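K.L.:
Pasting a structure below so you can have a look.
Because the Cβ atoms are built from the backbone with ideal geometry, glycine has one as well, and the counts that use them run over all protein chains shown. Where a number appears in this text, it was derived from the coordinates with a stated rule and is not lab data.
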Amino acid sequence: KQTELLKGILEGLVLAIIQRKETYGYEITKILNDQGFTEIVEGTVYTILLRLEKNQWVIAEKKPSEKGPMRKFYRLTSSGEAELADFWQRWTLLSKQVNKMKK
Amino acid sequence: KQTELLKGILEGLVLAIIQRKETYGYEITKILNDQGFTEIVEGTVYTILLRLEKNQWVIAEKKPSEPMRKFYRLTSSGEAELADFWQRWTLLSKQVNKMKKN
């Protein structure tokens, strides 16, 4: 259920992380891990990032790292920002509906 | 993405619903729609109930309704599942809300 529970949400959180700072898979996975979605590996993030790029919600581009090798860095498009705004609203509603069941 | 958003969650909501009342498929789909939870067709509830039976988190019995319908109660393993779901949900939304505020 924990992989299932993270479906839909993780895409939203990934968009969220990219909005805050230009970033690449390892950075994104490490932030998620520290927040702490600890059982999320970068293989899962990579898969998600492919899909985000495919739909042009994020742009991807390679720059040098600290310190040396190239890395694929991401940033939100205007459509992406729109998708993220939509995620939080949908989430805020869901979160309310589901919590109104807890008690 | 709403379909993917309900994944995991929906199963627990059904578990939670069955706990608070002994009920049937058509009705569970309705209680969910009146929540709601508008994208939920009955087939989605029927697929979940079959899986909850298979894992023995619920038991079912045929009874009359206010027509003979298939009525579900939670098992004790099912009770632990619901309880485990709330624990993890509480944690998940605490973490998700913390990232919105950031």
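K.L.:
Go through segment A:19-32 and report how many residues are more than 13 Å from every other protein chain (Cβ to nearest Cβ) and either touching a strand residue (DSSP E or B) at 6+ places or on another chain (Cβ under 6 Å) or not small (G, A, S) (or both).
P.N.:
Total meeting the criteria: 7.
K.L.:
Could I ask something else about it? Any idea which residue in segment A:1-42 is nearest to A:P64 (Cα to Cα), counting only those that are surrounded by 19 or more Cβ atoms within 10 Å (Cβ to Cβ) and among the polar types (S, T, N, Q)?
P.N.:
So the residue we want is A:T23.
K.L.:
Could you please find all residues in segment B:53-72 being surrounded by 19 or more Cβ atoms within 10 Å (Cβ to Cβ) and touching a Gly at 6+ places or on another chain (Cβ under 7 Å)?
P.N.:
Keep residues of segment B:53-72 that are surrounded by 19 or more Cβ atoms within 10 Å (Cβ to Cβ), which gives B:57-58, B:71-72.
Matches in segment B:53-72: B:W57, B:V58.
K.L.:
Which of the residues that make up segment B:33-51 are among the aliphatic types (A, V, I, L, M), within 12 Å of chain A (Cβ to nearest Cβ) and more than 14 Å from B:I9 (Cα to Cα)?
P.N.:
The answer is none; no residue qualifies.
K.L.:
Further, regarding this structure: Condition first: surrounded by 11 or more Cβ atoms within 10 Å (Cβ to Cβ) and within 14 Å of A:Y26 (Cβ to Cβ). Can you find one or more residues in segment A:73-91 that meet it?
P.N.:
Yes, segment A:73-91 contains a residue that is surrounded by 11 or more Cβ atoms within 10 Å (Cβ to Cβ) and within 14 Å of A:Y26 (Cβ to Cβ).
K.L.:
Please determine whether any residue of segment B:83-95 is small (G, A, S) and within 14 Å of chain A (Cβ to nearest Cβ).
P.N.:
yes
K.L.:
Please identify the pairs in which a residue from segment A:2-18 that is within 8 Å of another protein chain (Cβ to nearest Cβ) and farther than 14 Å from B:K98 by Cα has its Cβ atom under 8 Å from the Cβ atom of a residue that is outside any helix (DSSP H, G or I) and hydrophobic (A, V, I, L, M, F, W, C), counting only partners at least 6 apart or on another chain.
P.N.:
Partner pairs satisfying both residue conditions: A:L6/A:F37; A:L6/A:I40.
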